[PDB]
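Chemist: Below are the structure tokens for one structure; questions will follow.
Number of protein chains: 2
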Amino acid sequence: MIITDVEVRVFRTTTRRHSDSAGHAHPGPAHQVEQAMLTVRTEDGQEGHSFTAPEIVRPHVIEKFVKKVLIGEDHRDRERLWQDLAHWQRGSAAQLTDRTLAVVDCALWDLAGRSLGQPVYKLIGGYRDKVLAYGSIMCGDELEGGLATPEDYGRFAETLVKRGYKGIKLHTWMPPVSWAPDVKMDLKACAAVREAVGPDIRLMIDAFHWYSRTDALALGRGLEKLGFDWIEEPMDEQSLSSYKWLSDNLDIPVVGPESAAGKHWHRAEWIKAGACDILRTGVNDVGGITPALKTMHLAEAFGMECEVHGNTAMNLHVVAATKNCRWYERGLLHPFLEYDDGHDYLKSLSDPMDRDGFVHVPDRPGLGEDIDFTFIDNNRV
Amino acid sequence: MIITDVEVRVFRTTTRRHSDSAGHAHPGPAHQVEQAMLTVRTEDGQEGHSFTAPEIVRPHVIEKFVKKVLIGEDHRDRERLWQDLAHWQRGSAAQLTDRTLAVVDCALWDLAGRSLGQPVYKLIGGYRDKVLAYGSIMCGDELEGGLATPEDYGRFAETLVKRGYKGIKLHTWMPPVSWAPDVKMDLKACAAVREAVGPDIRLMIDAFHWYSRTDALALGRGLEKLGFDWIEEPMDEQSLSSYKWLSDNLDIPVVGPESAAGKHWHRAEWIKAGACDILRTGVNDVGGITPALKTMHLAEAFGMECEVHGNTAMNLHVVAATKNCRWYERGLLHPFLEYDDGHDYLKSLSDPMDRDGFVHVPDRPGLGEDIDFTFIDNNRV
Ligand SMILES: O=C(NO)[C@@H](O)[C@H](O)[C@@H](O)C(=O)[O-]
Ligand SMILES: O=C(NO)[C@@H](O)[C@H](O)[C@@H](O)C(=O)[O-]
Ligand SMILES: [Cl-]
Ligand SMILES: [Cl-]
Ligand SMILES: [Cl-]
Ligand SMILES: [Cl-]
Ligand SMILES: [Cl-]
Ligand SMILES: [Cl-]
Ligand SMILES: [Cl-]
Ligand SMILES: [Cl-]
Ligand SMILES: [Cl-]
Ligand SMILES: [Cl-]
Ligand SMILES: [Mg+2]
Ligand SMILES: [Mg+2]
Ligand SMILES: [Mg+2]
Ligand SMILES: [Mg+2]
Ligand SMILES: [Mg+2]
Ligand SMILES: [Mg+2]
Numbered sequence: 001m002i003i004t005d006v007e008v009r010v011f012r013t014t015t016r017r018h019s020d021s022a023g024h025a026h027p028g029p030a031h032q033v034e035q036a037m038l039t040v041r042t043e044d045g046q047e048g049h050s051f052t053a054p055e056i057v058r059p060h061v062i063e064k065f066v067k068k069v070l071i072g073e074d075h076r077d078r079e080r081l082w083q084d085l086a087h088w089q090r091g092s093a094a095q096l097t098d099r100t101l102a103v104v105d106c107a108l109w110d111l112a113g114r115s116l117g118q119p120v121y122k123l124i125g126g127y128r129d130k131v132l133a134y135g136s137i138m139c140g141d142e143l144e145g146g147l148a149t150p151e152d153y154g155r156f157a158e159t160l161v162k163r164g165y166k167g168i169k170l171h172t173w174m175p176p177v178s179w180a181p182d183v184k185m186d187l188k189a190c191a192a193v194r195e196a197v198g199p200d201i202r203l204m205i206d207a208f209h210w211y212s213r214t215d216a217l218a219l220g221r222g223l224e225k226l227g228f229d230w231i232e233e234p235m236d237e238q239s240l241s242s243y244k245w246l247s248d249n250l251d252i253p254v255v256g257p258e259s260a261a262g263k264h265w266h267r268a269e270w271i272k273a274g275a276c277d278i279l280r281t282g283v284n285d286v287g288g289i290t291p292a293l294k295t296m297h298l299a300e301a302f303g304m305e306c307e308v309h310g311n312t313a314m315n316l317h318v319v320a321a322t323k324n325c326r327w328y329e330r331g332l333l334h335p336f337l338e339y340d341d342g343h344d345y346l347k348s349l350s351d352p353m354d355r356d357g358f359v360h361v362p363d364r365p366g367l368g369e370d371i372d373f374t375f376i377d378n379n380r381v
Numbered sequence: 001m002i003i004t005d006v007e008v009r010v011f012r013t014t015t016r017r018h019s020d021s022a023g024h025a026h027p028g029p030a031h032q033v034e035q036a037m038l039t040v041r042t043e044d045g046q047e048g049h050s051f052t053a054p055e056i057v058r059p060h061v062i063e064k065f066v067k068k069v070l071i072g073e074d075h076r077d078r079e080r081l082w083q084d085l086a087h088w089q090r091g092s093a094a095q096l097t098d099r100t101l102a103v104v105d106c107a108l109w110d111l112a113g114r115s116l117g118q119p120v121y122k123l124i125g126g127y128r129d130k131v132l133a134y135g136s137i138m139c140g141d142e143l144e145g146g147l148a149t150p151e152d153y154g155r156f157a158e159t160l161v162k163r164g165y166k167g168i169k170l171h172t173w174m175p176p177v178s179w180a181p182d183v184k185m186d187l188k189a190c191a192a193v194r195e196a197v198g199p200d201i202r203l204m205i206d207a208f209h210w211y212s213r214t215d216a217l218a219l220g221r222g223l224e225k226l227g228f229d230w231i232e233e234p235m236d237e238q239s240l241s242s243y244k245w246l247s248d249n250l251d252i253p254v255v256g257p258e259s260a261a262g263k264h265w266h267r268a269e270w271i272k273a274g275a276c277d278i279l280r281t282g283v284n285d286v287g288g289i290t291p292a293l294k295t296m297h298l299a300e301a302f303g304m305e306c307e308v309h310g311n312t313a314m315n316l317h318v319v320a321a322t323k324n325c326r327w328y329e330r331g332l333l334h335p336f337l338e339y340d341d342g343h344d345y346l347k348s349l350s351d352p353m354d355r356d357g358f359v360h361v362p363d364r365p366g367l368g369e370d371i372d373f374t375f376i377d378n379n380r381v
């Protein structure tokens with residue numbers, strides 16, 4: 001159907017999540033944060049929606065790039081439209097980002113699903129209606145009883161096992177935590193968690209993202225003693241060669257790249273060079289559901305797993321449509337916060353999890369985000 | 001000295017340069033364009049300045065990132081400050097770009113030079129006070145007598161040779177030129193230029209940036225028959241493997257990567273994999289003078305040249321401080337425009353060129369941009 005409108009609505013959500021100056025999430029005081037909803041509408045009035053930070057869909061980007069590509073086009077030509085946006089990034093003075101591509105692609109998928117009364121993963125071609133989640137723990141902090149000590153991680157891990165998680169991923173301490181980073185502290189946290197949960201829970205760590213080769217090597221060696229299942233992004237992913245070196249040295253599987261640019265193209269280079277043992281993708285990291293699927297297929301053709309970064313519907317649907325991914329990433333989690341409480345702007349969870357640790361994909365059309373339109377309207381900026 | 005202020009001044013410049021929807025420059029009607037000047041000031045009142053597009057230094061980026069890193073710090077700690085910004089990019093929701101790092105780093109270098117009464121390339125450590133420039137021709141257009149036909153390129157090339165350029169680089173036709181791209185037309189333009197200038201002028205081409213492997217191969221083979229000195233960015237640089245393949249296949253030197261992310265780190269990967277025969281860097285492409293110098297040094301250690309993308313003082317000073325770069329890129333040029341007329345907001349050229357094709361670096365302190373502060377003040381947005 002012909003796309004007639006692209007609209008952004010900015011509203012305030014009430015949350016206890018804060019992000020530090022380096023972008024890491026932490027629990028803090030309840031406060032209002034601006035959140036944006038992108039809507040694509042067709043001639044018959046059907047809409048698709050997706051959520052992102054206001055800057056990613058600010059008027060500069062919407063007017064200069066997004067509307068020019070989308071308006072007047074058949075909404076179903078997702079490949080053509082994605083490629084059109086992709087070929088405009090180079091000349092965009094660094095303003096047309098993969099994040100912008102992602103929210104646009106997601107809204108187009110939601111539009112197609114809502115139009116047809118079909119969940120996105122079913123339209124793609126379903127693999128699984130439920131999937132194991134790992135509990136993805138927030139970055140370390142200096143909050144007493146929070147994630148300040150190695151024992152704090154151990155205690156929280158016990159809680160996650162009780163909840164039903166069959167896998168747990170630590171994010172350890174990073175600047176601006178005053179004393180961070182420290183390999184020995186990271187390893188103490190990992191050891192506390194292994195001691196707490198025993199050998200039959202799968203454990204992963206996603207550490208400070210800029211350790212030197214020598215520090216990441218020491219971290220990896222320590223993890224092998226604790227039977228961890230993977231090490232994630234312990235070094236600057238801009239150095240492919242460092243990851244090749246680390247993977248060759250470590251027995252423990254290295255997963256990546258999460259944050260590196262270049263979408264599926266650059267991820268092929270990680271396979272080619274042997275820079276990782278497990279690939280990584282994510283809707284936000286590679287510019288949408290469409291390229292995330294490509295990354296999943298790329299990995300599958302090499303007989304590799306590709307673990308999907310990020311919670312929310314958009315990532316869950318990629319995981320549900322593909323086989324070669326062990327988990328959905330559920331979080332980030334913190335003992336001070338109740339993840340299962342959801343968001344004020346959604347009427348129900350996009351990723352409810354049973355007591356056995358399986359997330360069940362909602363049977364709602366599109367991305368299945370149960371949007372509280374009335375709340376958004378009552379809280380506009 | 002302690003940094004006390006970071007300020008952005010947005011002003012209108014009058015220019016005939018336009019950018020199409022894919023970001024390519026073309027000559028068009030005279031119009032006003034918003035330009036931004038970033039200023040860093042220290043406790044004693046000394047200032048450094050650099051220019052960029054308004055979005056790159058908009059309040060979001062200045063307040064959330066730049067001020068937090070710079071304010072209260074010793075202006076001379078350019079390495080520490082650059083690394084601080086670099087380590088904040090990952091968590092910036094794609095808003096802290098290499099372009100933002102570049103303008104900040106440039107302003108800091110300008111500040112150090114102005115404070116000491118020294119040109120930046122002299123502070124770095126001078127290699128050459130003058131350098132050969134190639135005439136870098138604008139992307140093709142559909143303007144009669146402009147760059148619409150192969151013969152138009154040939155005629156313009158004759159003019160460039162008369163001006164004194166010893167080297168000429170074509171940018172050929174790209175979308176949204178109605179019929180673009182077409183390898184055979186690109187090759188006709190290259191042939192017209194070679195016929196016009198003879199065998200003793202150095203010729204380069206920078207083509208449509210997203211040709212398939214098969215098209216870029218055909219382009220490269222055609223260039224070999226015309227004795228061209230390099231082929232630049234004919235394929236999506238997100239595919240390192242495509243560049244390894246193309247370089248292995250072509251006799252003509254392949255230069256890159258220009259636009260790929262990852263700064264000097266990712267450029268090391270291009271050397272390691274043999275993806276190019278000549279490296280490429282640029283102040284805007286790798287996030288500043290500081291990392292551009294790193295890329296130059298990286299290339300030199302492999303006995304490679306590293307050609308520096310972009311005109312203006314910031315790139316000229318990198319070229320003047322290093323040996324392993326054949327040219328300064330002077331342009332973009334078009335028969336309808338007079339490059340030597342300069343900009344309304346600068347009192348004189350940053351890159352004047354003699355009749356023998358050498359650009360002479362001004363002996364003015366800092367980046368040596370002869371800023372018309374009065375004009376800027378009279379034309380504020
Ligand atoms: O890595 C992640 N998930 O796996 C994201 O959770 C984050 O960006 C996290 O690593 C961080 O804030 O450093
Ligand atoms: O490649 C360049 N210089 O070499 C820059 O001039 C440009 O981005 C140009 O290629 C373009 O607009 O495609
Ligand atoms: Cl339809
Ligand atoms: Cl249609
Ligand atoms: Cl499963
Ligand atoms: Cl739940
Ligand atoms: Cl509602
Ligand atoms: Cl000083
Ligand atoms: Cl000082
Ligand atoms: Cl802003
Ligand atoms: Cl020279
Ligand atoms: Cl001149
Ligand atoms: Mg991660
Ligand atoms: Mg290994
Ligand atoms: Mg709790
Ligand atoms: Mg170029
Ligand atoms: Mg070759
Ligand atoms: Mg003329």
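Read top to bottom, the protein sequences are chains A and B. First residue of the first sequence: 1, per the entry's author numbering; consecutive thereafter. First residue of the second sequence: 1, per the entry's author numbering; consecutive thereafter. Using N, Cα and C, we set each Cβ at its ideal position, and we do this for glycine too.
#1: Could you tell me which residues DSSP pairs with residue 11 (chain A) in its beta bridges?
#2: Among A:52, A:116, A:370 and A:318, which residue has its Cα nearest to the Cα of residue 103 (chain A)?
#3: Is there a C-beta anywhere in chain B that falls below 8 Å from the one on residue 282 (chain A)?
#4: Comparing the C-beta of residue 124 (chain A) with each C-beta of chain B, is any distance below 8 Å?
#5: Suppose the cutoff is 7 Å on Cβ atoms and the five residues either side in sequence are ignored; what does the same chain contact list for residue 44 (chain A) look like?
#6: I'd like to know whether the C-beta atoms of residue 167 (chain A) and residue 123 (chain A) end up nearer to each other than 8 Å.
#7: Would you mind stating whether residue 284 (chain A) and residue 310 (chain A) have Cβ atoms separated by less than 8 Å?
#8: Residues of chain A with CB under 8 Å from residue 53 (chain B), in chain order?
#9: Using DSSP with H/G/I as helix, E/B as strand and the rest coil, what is residue 142 (chain B)?
#10: Shorter than 7 Å, the distance from the beta carbon of residue 237 (chain B) to the closest heavy atom of ligand 16, or not?
#11: Kindly give me the distance between the Cβ atoms of residue 96 (chain B) and residue 109 (chain B), rounded to whole angstroms, as I take these residues to be in contact under 8 Å.
#12: Name, going along the chain, the residues of the segment 232-262 of chain B whose beta-carbon falls closer than 8 Å to a beta-carbon of chain A.
#13: Report the start-end ranges of each beta strand (DSSP E) in the segment 266-350 of chain A that is 3 residues or longer and not cut off at the edges.
#14: Is it buried or exposed for residue 354 (chain B), if we count other Cβ within 10 angstroms and need 16 for buried?
#15: Going by the beta-carbon positions, is the gap between residue 30 (chain A) and residue 8 (chain A) smaller than 8 Å?
#16: Taking only the alpha-carbon atoms, compute the straight-line gap between residue 77 (chain B) and residue 85 (chain B) and give it to the nearest angstrom.
#17: Please list the residues of the segment 191-215 of chain B that have a C-beta atom closer than 9 Å to any C-beta atom in chain A, keeping them in chain order.
#18: Quick check on residue 174 (chain A): does DSSP put it in helix, strand or coil?
#19: Rounded to whole angstroms, what's the CA-CA distance from residue 191 (chain A) to residue 39 (chain A)? Just pull it up for me.
#20: Tell me whether the beta-carbon of residue 254 (chain B) lies closer than 8 Å to the beta-carbon of residue 231 (chain B).
#21: Residue 226 (chain A) lies in the alpha helix (DSSP H); which residues open and close that run?
#22: Quick one: which residues of the segment 83-107 of chain B get their C-beta closer than 7 Å to a C-beta of chain A? List them in chain order.
#23: Just confirm the distance between the C-beta atoms of residue 258 (chain B) and residue 237 (chain B), as a whole number of angstroms; I'd bet it's less than 8 Å.
#24: Quick one: residues with CB closer than 7 Å to any heavy atom of ligand 6, in chain order, please.
#25: Examine ligand 1 and report whether any of its heavy atoms sits within less than 7 Å of the Cβ of residue 21 (chain A).
#26: What are the residues in the segment 67-78 of chain B lying within 8 Å of chain A by C-beta distance?
#27: Please report the distance separating the alpha-carbon of residue 300 (chain A) from that of residue 312 (chain A).
#28: Give me the chain B residues within the contact set of residue 56 (chain A), using Cβ-Cβ distance strictly less than 9 Å, ordered along the chain.
#29: If you run the structure through DSSP and keep just helix, strand and coil, what is residue 185 (chain A)?
#30: Going by Cα to Cα distance, which pick from A:276, A:70 and A:114 is closest to residue 251 (chain A)?
#31: Mind checking who residue 75 (chain A) pairs with in its DSSP beta bridge?
#32: With a CB to CB cut of under 7 Å and the five nearest residues on each side skipped, what residues in its chain are close to residue 142 (chain A)?
#33: Counting by C-beta, which residues lie closer than 6 Å to a heavy atom of ligand 7, in chain order?
#34: Exposed or buried, which one is residue 195 (chain B) when buried takes at least 16 other CB atoms within 10 Å?
#35: On a CA-only basis, which of A:56, A:165, A:12 and A:14 is nearest residue 357 (chain A)? Give me that one, please.
#36: Cα separation between residue 126 (chain B) and residue 119 (chain B)?
Modeler: Result, derived from the coordinates:
#1: In the first sequence, the residue the question calls residue 11 (chain A) occupies position 11. In DSSP, residue 11 (chain A) forms a bridge with A:35 and A:380.
#2: What you label residue 103 (chain A) is simply residue 103 of the first sequence in a count that begins at 1. Residue A:52 is the option with its Cα nearest to residue 103 (chain A).
#3: By 1-based counting over the first sequence, the position of residue 282 (chain A) is 282. Taking Cβ atoms only, chain B never reaches closer than 8 Å to residue 282 (chain A), which makes this a no.
#4: Position 124 of the first sequence holds residue 124 (chain A). Not an interface residue.
#5: Here the question's residue 44 (chain A) lines up with position 44 in the first sequence. Counting only Cβ-Cβ distances below 7 Å, and skipping sequence neighbours, we find 1.
#6: Residue numbering aside, residue 167 (chain A) sits at position 167 when the first sequence is read from its first letter. Residue numbering aside, residue 123 (chain A) sits at position 123 when the first sequence is read from its first letter. Their beta carbons are not under 8 Å apart, which means residue 167 (chain A) does not touch residue 123 (chain A) by this criterion.
#7: Translated into the one-based positions of the first sequence, residue 284 (chain A) becomes position 284. Translated into the one-based positions of the first sequence, residue 310 (chain A) becomes position 310. Going by C-beta atoms, residue 284 (chain A) is nearer than 8 Å to residue 310 (chain A).
#8: The count along the second sequence starts at 1 and reaches residue 53 (chain B) at position 53. Near residue 53 (chain B) (Cβ distances below 8 Å), the residues of chain A are 93.
#9: Position 142 of the second sequence, counting from 1, holds the residue named residue 142 (chain B). Note: residue 142 (chain B) maps to coil in three-state DSSP.
#10: Here the question's residue 237 (chain B) lines up with position 237 in the second sequence. Result no, Cβ not under 7 Å from ligand 16.
#11: Within the second sequence, numbered from 1, the residue matching residue 96 (chain B) stands at position 96. Within the second sequence, numbered from 1, the residue matching residue 109 (chain B) stands at position 109. 19 Å between Cβ atoms; not a contact.
#12: Listed by position along the chain: 236, 238, 239, 240, 241, 259, 260, 261 and 262.
#13: 278-281, 306-308 and 328-333
#14: The count along the second sequence starts at 1 and reaches residue 354 (chain B) at position 354. So residue 354 (chain B) counts as exposed.
#15: For the purposes of this step, residue 30 (chain A) is taken as the residue at position 30 of the first sequence. For the purposes of this step, residue 8 (chain A) is taken as the residue at position 8 of the first sequence. For residue 30 (chain A) and residue 8 (chain A), no; Cβs fall outside 8 Å.
#16: Within the second sequence, residue 77 (chain B) is the residue found at index 77, counting from 1. Within the second sequence, residue 85 (chain B) is the residue found at index 85, counting from 1. Straight-line Cα distance between these residues: approximately 13 Å.
#17: 209 and 210
#18: In the first sequence, the residue the question calls residue 174 (chain A) occupies position 174. It is coil, neither helix nor strand.
#19: One-based indexing of the first sequence puts residue 191 (chain A) at position 191. One-based indexing of the first sequence puts residue 39 (chain A) at position 39. Taking the straight line from one Cα to the other gives about 46 Å.
#20: For this step, residue 254 (chain B) is matched to residue 254 along the second sequence. For this step, residue 231 (chain B) is matched to residue 231 along the second sequence. Yes.
#21: Sequence index remark: in the first sequence, residue 226 (chain A) carries index 226 (1-based). Neither: residue 226 (chain A) is in no alpha helix (DSSP H) and is coded neither H nor E.
#22: Residues 87, 88, 90, 91, 92, 93, 94, 95, 97, 98 and 99.
#23: The residue you call residue 258 (chain B) lines up with position 258 of the second sequence. The residue you call residue 237 (chain B) lines up with position 237 of the second sequence. 7 Å between Cβ atoms; contact.
#24: A:340, A:349, A:352 and A:353
#25: Your numbering for residue 21 (chain A) matches position 21 in the first sequence. Not so, every heavy atom of ligand 1 lies at least 7 Å from the Cβ.
#26: 68
#27: Position 300 of the first sequence, counting from 1, holds the residue named residue 300 (chain A). Position 312 of the first sequence, counting from 1, holds the residue named residue 312 (chain A). When rounded, the distance between both Cα atoms is 23 Å.
#28: For the purposes of this step, residue 56 (chain A) is taken as residue 56 along the first sequence, with counting starting at 1. Near residue 56 (chain A) (Cβ distances below 9 Å), the residues of chain B are 93, 94 and 95.
#29: Stepping through the first sequence from its first residue, residue 185 (chain A) is reached at position 185. Helix.
#30: Here residue 251 (chain A) refers to the residue found at position 251 when the first sequence is read from its first residue. Of the candidates A:276, A:70 and A:114, the one whose C-alpha sits nearest the C-alpha of residue 251 (chain A) is A:276.
#31: Sequence index remark: in the first sequence, residue 75 (chain A) carries index 75 (1-based). DSSP lists no partner for residue 75 (chain A).
#32: Position 142 of the first sequence, counted from the start, is the residue given in the question as residue 142 (chain A). Cβ within range, chain order: 148, 177 and 178.
#33: A:372, A:373 and A:374
#34: In the second sequence, the residue the question calls residue 195 (chain B) occupies position 195. Classification of residue 195 (chain B): exposed, given that the 10 Å Cβ count is below 16.
#35: Taking the first sequence and counting its residues from 1, one reaches residue 357 (chain A) at position 357. Checked all of A:56, A:165, A:12 and A:14; the closest Cα to residue 357 (chain A) is A:165.
#36: Here residue 126 (chain B) refers to the residue found at position 126 when the second sequence is read from its first residue. Here residue 119 (chain B) refers to the residue found at position 119 when the second sequence is read from its first residue. Rounded to the nearest angstrom, the two C-alpha atoms are 10 Å apart.
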